[PDB]
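The file upload.pdb comes next; it holds PDB, N, CA and C atoms.
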ATOM      1  N   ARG A 440     -56.341 223.584  92.963
ATOM      2  CA  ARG A 440     -56.858 223.128  94.243
ATOM      3  C   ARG A 440     -55.727 222.705  95.172
ATOM      4  N   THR A 441     -54.547 223.301  95.009
ATOM      5  CA  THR A 441     -53.336 222.826  95.671
ATOM      6  C   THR A 441     -52.258 223.898  95.501
ATOM      7  N   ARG A 442     -51.182 223.761  96.275
ATOM      8  CA  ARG A 442     -50.129 224.772  96.386
ATOM      9  C   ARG A 442     -49.029 224.554  95.336
ATOM     10  N   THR A 443     -49.403 224.694  94.059
ATOM     11  CA  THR A 443     -48.402 224.753  92.985
ATOM     12  C   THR A 443     -49.060 225.381  91.756
ATOM     13  N   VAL A 444     -48.769 226.655  91.510
ATOM     14  CA  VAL A 444     -49.334 227.386  90.382
ATOM     15  C   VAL A 444     -48.209 228.097  89.651
ATOM     16  N   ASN A 445     -48.448 228.405  88.381
ATOM     17  CA  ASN A 445     -47.501 229.147  87.555
ATOM     18  C   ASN A 445     -46.126 228.483  87.544
ATOM     19  N   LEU A 446     -46.120 227.169  87.429
ATOM     20  CA  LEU A 446     -44.971 226.467  86.903
ATOM     21  C   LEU A 446     -45.003 226.555  85.378
ATOM     22  N   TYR A 447     -43.981 226.015  84.720
ATOM     23  CA  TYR A 447     -43.999 225.848  83.274
ATOM     24  C   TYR A 447     -43.258 224.569  82.946
ATOM     25  N   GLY A 448     -43.799 223.790  82.031
ATOM     26  CA  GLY A 448     -43.245 222.494  81.686
ATOM     27  C   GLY A 448     -44.343 221.460  81.553
ATOM     28  N   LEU A 449     -43.985 220.313  80.969
ATOM     29  CA  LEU A 449     -44.949 219.258  80.692
ATOM     30  C   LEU A 449     -44.791 218.151  81.725
ATOM     31  N   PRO A 450     -45.724 217.963  82.656
ATOM     32  CA  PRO A 450     -45.560 216.906  83.653
ATOM     33  C   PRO A 450     -45.948 215.546  83.091
ATOM     34  N   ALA A 451     -45.613 214.512  83.857
ATOM     35  CA  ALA A 451     -45.816 213.134  83.433
ATOM     36  C   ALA A 451     -47.236 212.637  83.658
ATOM     37  N   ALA A 452     -48.128 213.468  84.195
ATOM     38  CA  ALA A 452     -49.470 213.019  84.541
ATOM     39  C   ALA A 452     -50.231 212.524  83.316
ATOM     40  N   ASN A 453     -50.515 213.417  82.372
ATOM     41  CA  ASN A 453     -51.201 213.064  81.127
ATOM     42  C   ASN A 453     -50.522 213.789  79.976
ATOM     43  N   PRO A 454     -49.328 213.342  79.581
ATOM     44  CA  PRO A 454     -48.590 214.071  78.538
ATOM     45  C   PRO A 454     -49.290 214.098  77.194
ATOM     46  N   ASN A 455     -50.211 213.175  76.935
ATOM     47  CA  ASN A 455     -50.830 213.057  75.623
ATOM     48  C   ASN A 455     -52.101 213.879  75.470
ATOM     49  N   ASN A 456     -52.691 214.365  76.562
ATOM     50  CA  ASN A 456     -53.927 215.146  76.499
ATOM     51  C   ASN A 456     -55.059 214.352  75.853
ATOM     52  N   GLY A 457     -55.000 213.028  75.945
ATOM     53  CA  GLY A 457     -55.994 212.187  75.322
ATOM     54  C   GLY A 457     -55.871 212.056  73.821
ATOM     55  N   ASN A 458     -54.923 212.751  73.194
ATOM     56  CA  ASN A 458     -54.730 212.605  71.760
ATOM     57  C   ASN A 458     -54.335 211.173  71.439
ATOM     58  N   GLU A 459     -54.853 210.661  70.325
ATOM     59  CA  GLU A 459     -54.478 209.317  69.903
ATOM     60  C   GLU A 459     -52.984 209.242  69.629
ATOM     61  N   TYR A 460     -52.429 210.265  68.983
ATOM     62  CA  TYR A 460     -51.003 210.296  68.702
ATOM     63  C   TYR A 460     -50.544 211.733  68.517
ATOM     64  N   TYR A 461     -49.341 212.025  69.001
ATOM     65  CA  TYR A 461     -48.617 213.214  68.584
ATOM     66  C   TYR A 461     -47.934 212.936  67.254
ATOM     67  N   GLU A 462     -47.949 213.930  66.367
ATOM     68  CA  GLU A 462     -47.569 213.754  64.974
ATOM     69  C   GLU A 462     -46.437 214.695  64.586
ATOM     70  N   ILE A 463     -45.482 214.157  63.829
ATOM     71  CA  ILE A 463     -44.391 214.898  63.210
ATOM     72  C   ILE A 463     -44.409 214.543  61.734
ATOM     73  N   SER A 464     -43.912 215.450  60.900
ATOM     74  CA  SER A 464     -43.735 215.169  59.485
ATOM     75  C   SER A 464     -42.391 215.716  59.038
ATOM     76  N   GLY A 465     -41.724 214.985  58.158
ATOM     77  CA  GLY A 465     -40.468 215.486  57.649
ATOM     78  C   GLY A 465     -39.944 214.639  56.516
ATOM     79  N   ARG A 466     -38.709 214.938  56.132
ATOM     80  CA  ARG A 466     -37.984 214.191  55.115
ATOM     81  C   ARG A 466     -36.634 213.798  55.682
ATOM     82  N   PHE A 467     -36.283 212.521  55.570
ATOM     83  CA  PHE A 467     -34.982 212.034  56.005
ATOM     84  C   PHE A 467     -34.233 211.458  54.815
ATOM     85  N   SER A 468     -32.951 211.795  54.721
ATOM     86  CA  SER A 468     -32.060 211.268  53.703
ATOM     87  C   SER A 468     -31.222 210.137  54.280
ATOM     88  N   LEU A 469     -30.556 209.418  53.386
ATOM     89  CA  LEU A 469     -29.796 208.234  53.751
ATOM     90  C   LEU A 469     -28.986 207.827  52.537
ATOM     91  N   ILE A 470     -27.724 207.466  52.746
ATOM     92  CA  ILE A 470     -26.857 206.996  51.663
ATOM     93  C   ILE A 470     -26.285 205.654  52.110
ATOM     94  N   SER A 471     -26.921 204.571  51.683
ATOM     95  CA  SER A 471     -26.473 203.240  52.043
ATOM     96  C   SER A 471     -25.322 202.798  51.144
ATOM     97  N   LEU A 472     -24.675 201.712  51.556
ATOM     98  CA  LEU A 472     -23.480 201.164  50.923
ATOM     99  C   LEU A 472     -23.690 199.700  50.584
ATOM    100  N   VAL A 473     -24.770 199.407  49.869
ATOM    101  CA  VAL A 473     -25.039 198.020  49.474
ATOM    102  C   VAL A 473     -23.854 197.480  48.682
ATOM    103  N   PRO A 474     -23.410 196.243  48.905
ATOM    104  CA  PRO A 474     -22.172 195.781  48.271
ATOM    105  C   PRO A 474     -22.361 195.570  46.780
ATOM    106  N   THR A 475     -21.239 195.350  46.098
ATOM    107  CA  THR A 475     -21.259 195.149  44.656
ATOM    108  C   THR A 475     -19.929 194.556  44.222
ATOM    109  N   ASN A 476     -19.982 193.418  43.527
ATOM    110  CA  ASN A 476     -18.814 192.824  42.887
ATOM    111  C   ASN A 476     -18.869 192.937  41.369
ATOM    112  N   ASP A 477     -19.817 193.703  40.834
ATOM    113  CA  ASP A 477     -20.018 193.828  39.396
ATOM    114  C   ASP A 477     -20.993 194.960  39.105
ATOM    115  N   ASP A 478     -20.682 195.769  38.090
ATOM    116  CA  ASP A 478     -21.325 197.073  37.947
ATOM    117  C   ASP A 478     -22.828 196.952  37.737
ATOM    118  N   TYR A 479     -23.256 195.998  36.911
ATOM    119  CA  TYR A 479     -24.635 195.976  36.441
ATOM    120  C   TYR A 479     -25.620 195.478  37.489
ATOM    121  N   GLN A 480     -25.145 194.943  38.612
ATOM    122  CA  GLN A 480     -25.908 193.994  39.419
ATOM    123  C   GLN A 480     -25.874 194.468  40.866
ATOM    124  N   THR A 481     -26.775 195.441  41.208
ATOM    125  CA  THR A 481     -26.780 196.028  42.539
ATOM    126  C   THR A 481     -27.917 195.441  43.369
ATOM    127  N   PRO A 482     -27.727 195.178  44.659
ATOM    128  CA  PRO A 482     -28.739 194.447  45.417
ATOM    129  C   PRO A 482     -29.809 195.341  46.026
ATOM    130  N   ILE A 483     -30.837 194.676  46.542
ATOM    131  CA  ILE A 483     -31.851 195.273  47.389
ATOM    132  C   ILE A 483     -31.894 194.453  48.663
ATOM    133  N   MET A 484     -32.466 195.045  49.707
ATOM    134  CA  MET A 484     -32.665 194.354  50.975
ATOM    135  C   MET A 484     -31.336 193.812  51.508
ATOM    136  N   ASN A 485     -30.466 194.753  51.874
ATOM    137  CA  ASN A 485     -29.189 194.423  52.491
ATOM    138  C   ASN A 485     -29.390 193.428  53.626
ATOM    139  N   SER A 486     -28.871 192.214  53.457
ATOM    140  CA  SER A 486     -29.050 191.120  54.405
ATOM    141  C   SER A 486     -27.720 190.449  54.697
ATOM    142  N   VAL A 487     -26.692 191.259  54.931
ATOM    143  CA  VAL A 487     -25.375 190.785  55.338
ATOM    144  C   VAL A 487     -25.129 191.322  56.743
TER     145      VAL A 487
ATOM    146  N   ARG B 440    -112.539 227.259 115.335
ATOM    147  CA  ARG B 440    -113.526 226.484 116.081
ATOM    148  C   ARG B 440    -112.915 225.913 117.354
ATOM    149  N   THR B 441    -112.092 226.716 118.024
ATOM    150  CA  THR B 441    -111.281 226.214 119.120
ATOM    151  C   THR B 441    -110.993 227.356 120.084
ATOM    152  N   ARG B 442    -110.521 226.994 121.279
ATOM    153  CA  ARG B 442    -110.198 227.990 122.296
ATOM    154  C   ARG B 442    -109.121 228.952 121.814
ATOM    155  N   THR B 443    -107.924 228.433 121.554
ATOM    156  CA  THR B 443    -106.752 229.277 121.345
ATOM    157  C   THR B 443    -106.921 230.082 120.066
ATOM    158  N   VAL B 444    -107.200 231.371 120.223
ATOM    159  CA  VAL B 444    -107.347 232.301 119.115
ATOM    160  C   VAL B 444    -106.558 233.554 119.455
ATOM    161  N   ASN B 445    -106.101 234.249 118.415
ATOM    162  CA  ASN B 445    -105.329 235.479 118.566
ATOM    163  C   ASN B 445    -104.076 235.231 119.408
ATOM    164  N   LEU B 446    -103.238 234.329 118.905
ATOM    165  CA  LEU B 446    -101.916 234.070 119.452
ATOM    166  C   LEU B 446    -100.873 234.429 118.408
ATOM    167  N   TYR B 447     -99.772 235.016 118.866
ATOM    168  CA  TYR B 447     -98.701 235.455 117.986
ATOM    169  C   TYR B 447     -97.659 234.354 117.862
ATOM    170  N   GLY B 448     -97.315 234.007 116.628
ATOM    171  CA  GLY B 448     -96.342 232.956 116.388
ATOM    172  C   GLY B 448     -96.481 232.419 114.973
ATOM    173  N   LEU B 449     -96.044 231.173 114.801
ATOM    174  CA  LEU B 449     -96.151 230.498 113.514
ATOM    175  C   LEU B 449     -96.161 228.986 113.714
ATOM    176  N   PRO B 450     -97.312 228.319 113.671
ATOM    177  CA  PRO B 450     -97.328 226.877 113.928
ATOM    178  C   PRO B 450     -96.714 226.106 112.776
ATOM    179  N   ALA B 451     -96.507 224.817 113.017
ATOM    180  CA  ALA B 451     -95.862 223.938 112.054
ATOM    181  C   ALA B 451     -96.841 223.278 111.094
ATOM    182  N   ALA B 452     -98.130 223.609 111.170
ATOM    183  CA  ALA B 452     -99.122 222.897 110.373
ATOM    184  C   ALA B 452     -98.876 223.083 108.881
ATOM    185  N   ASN B 453     -98.752 224.330 108.437
ATOM    186  CA  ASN B 453     -98.614 224.656 107.017
ATOM    187  C   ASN B 453     -97.677 225.842 106.875
ATOM    188  N   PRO B 454     -96.391 225.658 107.178
ATOM    189  CA  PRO B 454     -95.472 226.800 107.103
ATOM    190  C   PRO B 454     -95.159 227.226 105.684
ATOM    191  N   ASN B 455     -95.197 226.306 104.721
ATOM    192  CA  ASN B 455     -94.871 226.676 103.348
ATOM    193  C   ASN B 455     -95.861 227.686 102.788
ATOM    194  N   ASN B 456     -97.115 227.643 103.241
ATOM    195  CA  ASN B 456     -98.152 228.555 102.765
ATOM    196  C   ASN B 456     -98.354 228.438 101.260
ATOM    197  N   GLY B 457     -98.171 227.234 100.724
ATOM    198  CA  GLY B 457     -98.292 227.011  99.303
ATOM    199  C   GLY B 457     -97.147 227.546  98.475
ATOM    200  N   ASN B 458     -96.118 228.111  99.100
ATOM    201  CA  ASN B 458     -94.972 228.636  98.377
ATOM    202  C   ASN B 458     -93.918 227.553  98.224
ATOM    203  N   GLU B 459     -93.259 227.544  97.067
ATOM    204  CA  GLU B 459     -92.203 226.569  96.834
ATOM    205  C   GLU B 459     -91.040 226.786  97.789
ATOM    206  N   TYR B 460     -90.704 228.042  98.070
ATOM    207  CA  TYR B 460     -89.552 228.326  98.909
ATOM    208  C   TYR B 460     -89.648 229.735  99.469
ATOM    209  N   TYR B 461     -88.946 229.942 100.577
ATOM    210  CA  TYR B 461     -88.721 231.262 101.152
ATOM    211  C   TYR B 461     -87.299 231.669 100.804
ATOM    212  N   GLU B 462     -87.146 232.831 100.174
ATOM    213  CA  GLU B 462     -85.865 233.292  99.659
ATOM    214  C   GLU B 462     -85.339 234.452 100.491
ATOM    215  N   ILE B 463     -84.014 234.536 100.581
ATOM    216  CA  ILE B 463     -83.323 235.644 101.222
ATOM    217  C   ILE B 463     -82.062 235.939 100.424
ATOM    218  N   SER B 464     -81.734 237.221 100.305
ATOM    219  CA  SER B 464     -80.555 237.686  99.597
ATOM    220  C   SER B 464     -79.622 238.370 100.582
ATOM    221  N   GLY B 465     -78.348 238.437 100.222
ATOM    222  CA  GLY B 465     -77.414 239.173 101.057
ATOM    223  C   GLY B 465     -76.011 239.126 100.504
ATOM    224  N   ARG B 466     -75.098 239.701 101.279
ATOM    225  CA  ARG B 466     -73.682 239.734 100.953
ATOM    226  C   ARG B 466     -72.943 238.775 101.879
ATOM    227  N   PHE B 467     -71.784 238.303 101.425
ATOM    228  CA  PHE B 467     -71.095 237.167 102.036
ATOM    229  C   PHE B 467     -69.605 237.490 102.049
ATOM    230  N   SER B 468     -69.087 237.833 103.225
ATOM    231  CA  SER B 468     -67.699 238.242 103.401
ATOM    232  C   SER B 468     -66.937 237.158 104.149
ATOM    233  N   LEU B 469     -65.906 236.615 103.509
ATOM    234  CA  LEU B 469     -65.113 235.520 104.040
ATOM    235  C   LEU B 469     -63.651 235.938 104.049
ATOM    236  N   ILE B 470     -62.947 235.607 105.129
ATOM    237  CA  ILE B 470     -61.561 236.024 105.328
ATOM    238  C   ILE B 470     -60.711 234.772 105.524
ATOM    239  N   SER B 471     -61.018 233.724 104.769
ATOM    240  CA  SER B 471     -60.329 232.452 104.907
ATOM    241  C   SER B 471     -58.824 232.615 104.699
ATOM    242  N   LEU B 472     -58.097 231.549 105.020
ATOM    243  CA  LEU B 472     -56.638 231.520 104.995
ATOM    244  C   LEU B 472     -56.220 230.548 103.896
ATOM    245  N   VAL B 473     -55.993 231.083 102.702
ATOM    246  CA  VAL B 473     -55.728 230.268 101.519
ATOM    247  C   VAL B 473     -54.373 229.580 101.648
ATOM    248  N   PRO B 474     -54.124 228.480 100.938
ATOM    249  CA  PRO B 474     -52.759 227.951 100.841
ATOM    250  C   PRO B 474     -51.936 228.580  99.731
ATOM    251  N   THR B 475     -52.471 229.586  99.047
ATOM    252  CA  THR B 475     -51.908 230.017  97.777
ATOM    253  C   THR B 475     -50.520 230.619  97.961
ATOM    254  N   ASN B 476     -49.642 230.317  97.010
ATOM    255  CA  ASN B 476     -48.278 230.811  97.012
ATOM    256  C   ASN B 476     -48.263 232.317  96.750
ATOM    257  N   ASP B 477     -47.055 232.877  96.671
ATOM    258  CA  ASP B 477     -46.841 234.258  96.256
ATOM    259  C   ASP B 477     -45.902 234.325  95.061
ATOM    260  N   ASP B 478     -45.947 233.305  94.203
ATOM    261  CA  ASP B 478     -45.132 233.205  92.994
ATOM    262  C   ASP B 478     -43.655 232.966  93.293
ATOM    263  N   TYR B 479     -43.282 232.881  94.569
ATOM    264  CA  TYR B 479     -41.990 232.347  94.963
ATOM    265  C   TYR B 479     -42.184 230.864  95.273
ATOM    266  N   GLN B 480     -41.132 230.191  95.731
ATOM    267  CA  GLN B 480     -41.136 228.737  95.879
ATOM    268  C   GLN B 480     -41.547 228.074  94.572
ATOM    269  N   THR B 481     -40.723 228.297  93.558
ATOM    270  CA  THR B 481     -40.993 227.799  92.222
ATOM    271  C   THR B 481     -39.668 227.812  91.472
ATOM    272  N   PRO B 482     -39.396 226.820  90.624
ATOM    273  CA  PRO B 482     -38.029 226.628  90.139
ATOM    274  C   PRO B 482     -37.524 227.795  89.316
ATOM    275  N   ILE B 483     -36.202 227.857  89.201
ATOM    276  CA  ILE B 483     -35.567 229.052  88.672
ATOM    277  C   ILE B 483     -35.910 229.242  87.201
ATOM    278  N   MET B 484     -36.161 228.158  86.473
ATOM    279  CA  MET B 484     -36.594 228.242  85.075
ATOM    280  C   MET B 484     -38.118 228.205  84.958
ATOM    281  N   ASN B 485     -38.759 229.076  85.736
ATOM    282  CA  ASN B 485     -40.211 229.242  85.757
ATOM    283  C   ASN B 485     -40.593 230.247  84.683
ATOM    284  N   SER B 486     -40.532 229.817  83.429
ATOM    285  CA  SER B 486     -40.868 230.764  82.376
ATOM    286  C   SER B 486     -40.940 230.051  81.041
ATOM    287  N   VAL B 487     -41.754 230.605  80.139
ATOM    288  CA  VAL B 487     -41.526 230.379  78.723
ATOM    289  C   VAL B 487     -40.064 230.678  78.472
TER     290      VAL B 487
END

For this file, produce the structure as structure tokens.
Amino acid sequence: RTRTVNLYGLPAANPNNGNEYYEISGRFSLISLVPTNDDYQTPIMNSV
Amino acid sequence: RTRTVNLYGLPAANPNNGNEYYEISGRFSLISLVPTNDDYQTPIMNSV
């Protein structure tokens, strides 16, 4: 009803289309460096 | 039961004649002046 047709792209008007949420699924890796002053005794919940 | 008889016309007393509507059919030619573009005036990355 206006002078703009055959653009392409997602405008900011209603990006969600009323969907409750846009969804992604995947797997992420991570190699943390929790400290250690002794072999047998490794921590959880890094809080330093 | 009155003077005026044999007159040509159509009075307003009962024009519907018990009909719901008077219908007419035809063709409809319009030469309006649209605002529509010609696929120009649109950004250079106008595409999938």

Q: Could you tell me which residues the ChimeraX specification (/B :<8) & /A returns for this structure, as an MDAnalysis selection string?
A: chainID A and resid 441:448

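What separates atom N of residue 466 (chain B) from atom C of residue 440 (chain A) is a distance of 26.5 Å.
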
Any chance you could dump chain A, least-squares fitted to chain B on all C-alpha atoms in order, as a compact mmCIF listing (two decimals) with N, CA and C atoms, in the coordinates of the input?
# COMPACT_ATOMS: atom_id res chain seq x y z
N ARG A 440 -110.02 226.63 113.35
CA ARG A 440 -110.95 225.53 113.52
C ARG A 440 -110.51 224.59 114.64
N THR A 441 -109.79 225.12 115.62
CA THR A 441 -109.11 224.30 116.62
C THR A 441 -108.65 225.22 117.75
N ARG A 442 -108.26 224.62 118.87
CA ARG A 442 -107.95 225.33 120.11
C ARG A 442 -106.47 225.72 120.18
N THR A 443 -106.06 226.60 119.26
CA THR A 443 -104.74 227.25 119.36
C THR A 443 -104.75 228.50 118.49
N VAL A 444 -104.89 229.66 119.12
CA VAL A 444 -104.93 230.94 118.42
C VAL A 444 -103.97 231.90 119.10
N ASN A 445 -103.53 232.91 118.35
CA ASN A 445 -102.66 233.95 118.87
C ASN A 445 -101.40 233.37 119.51
N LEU A 446 -100.83 232.38 118.86
CA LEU A 446 -99.43 232.08 119.04
C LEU A 446 -98.61 233.05 118.19
N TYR A 447 -97.28 232.96 118.28
CA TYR A 447 -96.40 233.68 117.37
C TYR A 447 -95.19 232.81 117.12
N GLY A 448 -94.75 232.74 115.88
CA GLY A 448 -93.66 231.87 115.48
C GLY A 448 -93.98 231.16 114.19
N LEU A 449 -92.94 230.56 113.59
CA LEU A 449 -93.08 229.91 112.29
C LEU A 449 -93.13 228.41 112.49
N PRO A 450 -94.27 227.74 112.29
CA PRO A 450 -94.31 226.30 112.50
C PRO A 450 -93.75 225.54 111.30
N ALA A 451 -93.55 224.24 111.51
CA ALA A 451 -92.93 223.39 110.51
C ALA A 451 -93.89 222.91 109.43
N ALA A 452 -95.16 223.30 109.50
CA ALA A 452 -96.16 222.79 108.57
C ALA A 452 -95.82 223.14 107.12
N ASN A 453 -95.82 224.43 106.79
CA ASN A 453 -95.47 224.90 105.45
C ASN A 453 -94.59 226.14 105.59
N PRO A 454 -93.33 225.96 105.99
CA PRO A 454 -92.48 227.14 106.23
C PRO A 454 -92.22 227.98 105.00
N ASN A 455 -92.39 227.42 103.80
CA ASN A 455 -92.03 228.12 102.57
C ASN A 455 -93.18 228.93 101.98
N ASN A 456 -94.42 228.70 102.41
CA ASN A 456 -95.58 229.42 101.87
C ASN A 456 -95.72 229.20 100.37
N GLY A 457 -95.22 228.08 99.87
CA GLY A 457 -95.26 227.80 98.45
C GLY A 457 -94.26 228.58 97.62
N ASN A 458 -93.48 229.47 98.23
CA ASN A 458 -92.46 230.19 97.49
C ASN A 458 -91.44 229.21 96.93
N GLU A 459 -90.98 229.47 95.71
CA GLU A 459 -89.95 228.62 95.13
C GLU A 459 -88.68 228.66 95.97
N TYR A 460 -88.31 229.84 96.44
CA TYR A 460 -87.12 229.98 97.28
C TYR A 460 -87.24 231.23 98.14
N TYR A 461 -86.76 231.13 99.37
CA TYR A 461 -86.45 232.31 100.17
C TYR A 461 -85.09 232.84 99.76
N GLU A 462 -84.97 234.17 99.69
CA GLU A 462 -83.83 234.83 99.08
C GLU A 462 -83.15 235.77 100.06
N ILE A 463 -81.82 235.75 100.05
CA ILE A 463 -80.96 236.67 100.78
C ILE A 463 -79.99 237.25 99.77
N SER A 464 -79.50 238.46 100.05
CA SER A 464 -78.45 239.06 99.24
C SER A 464 -77.43 239.71 100.16
N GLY A 465 -76.16 239.61 99.79
CA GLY A 465 -75.15 240.26 100.59
C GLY A 465 -73.80 240.23 99.93
N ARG A 466 -72.80 240.65 100.70
CA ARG A 466 -71.40 240.61 100.28
C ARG A 466 -70.60 239.91 101.36
N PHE A 467 -69.79 238.93 100.97
CA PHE A 467 -68.92 238.23 101.89
C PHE A 467 -67.47 238.44 101.48
N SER A 468 -66.62 238.71 102.46
CA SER A 468 -65.19 238.85 102.26
C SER A 468 -64.48 237.57 102.66
N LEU A 469 -63.21 237.49 102.29
CA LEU A 469 -62.41 236.29 102.49
C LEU A 469 -60.97 236.64 102.17
N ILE A 470 -60.04 236.18 103.00
CA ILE A 470 -58.61 236.40 102.77
C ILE A 470 -57.94 235.03 102.82
N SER A 471 -57.74 234.43 101.65
CA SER A 471 -57.11 233.13 101.57
C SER A 471 -55.59 233.26 101.65
N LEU A 472 -54.95 232.11 101.85
CA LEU A 472 -53.51 232.00 102.06
C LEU A 472 -52.90 231.02 101.07
N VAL A 473 -53.16 231.25 99.79
CA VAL A 473 -52.60 230.37 98.76
C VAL A 473 -51.08 230.36 98.88
N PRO A 474 -50.41 229.21 98.76
CA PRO A 474 -48.97 229.16 99.05
C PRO A 474 -48.17 229.88 97.97
N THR A 475 -46.88 230.06 98.26
CA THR A 475 -45.99 230.74 97.34
C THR A 475 -44.56 230.47 97.74
N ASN A 476 -43.76 229.96 96.80
CA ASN A 476 -42.32 229.81 96.98
C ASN A 476 -41.53 230.80 96.13
N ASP A 477 -42.20 231.77 95.51
CA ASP A 477 -41.57 232.73 94.61
C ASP A 477 -42.54 233.85 94.28
N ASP A 478 -42.04 235.09 94.28
CA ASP A 478 -42.93 236.25 94.34
C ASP A 478 -43.85 236.34 93.13
N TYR A 479 -43.31 236.07 91.94
CA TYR A 479 -44.03 236.38 90.71
C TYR A 479 -45.16 235.40 90.40
N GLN A 480 -45.25 234.29 91.13
CA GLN A 480 -45.90 233.08 90.64
C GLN A 480 -46.89 232.61 91.69
N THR A 481 -48.11 233.23 91.70
CA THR A 481 -49.11 232.92 92.72
C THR A 481 -50.18 232.00 92.14
N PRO A 482 -50.68 231.02 92.89
CA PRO A 482 -51.57 230.02 92.30
C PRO A 482 -53.04 230.43 92.30
N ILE A 483 -53.82 229.63 91.59
CA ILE A 483 -55.27 229.65 91.64
C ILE A 483 -55.72 228.24 91.97
N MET A 484 -56.96 228.13 92.43
CA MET A 484 -57.56 226.83 92.71
C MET A 484 -56.70 226.03 93.68
N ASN A 485 -56.64 226.54 94.91
CA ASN A 485 -55.95 225.86 96.00
C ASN A 485 -56.36 224.39 96.06
N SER A 486 -55.43 223.49 95.77
CA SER A 486 -55.68 222.06 95.70
C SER A 486 -54.63 221.29 96.48
N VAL A 487 -54.33 221.77 97.69
CA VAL A 487 -53.43 221.09 98.61
C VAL A 487 -54.27 220.69 99.82

Each side padded by 5 Å, which centre and which edge lengths in Å (one decimal) define the axis-aligned box around the listed atoms of region 475-485 of chain B? Give them as JSON.
{"center_x": -44.0, "center_y": 230.5, "center_z": 91.9, "size_x": 26.9, "size_y": 17.7, "size_z": 24.4}

**Q.** CA of residue 449 (chain B) to CA of residue 464 (chain B), straight-line distance in Å
**A.**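 Value for the CA of residue 464 (chain B)-CA of residue 449 (chain B) distance: 22.1 Å.
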
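Atom to atom, CA of residue 450 (chain B) and CA of residue 462 (chain B) stand 19.4 Å apart.
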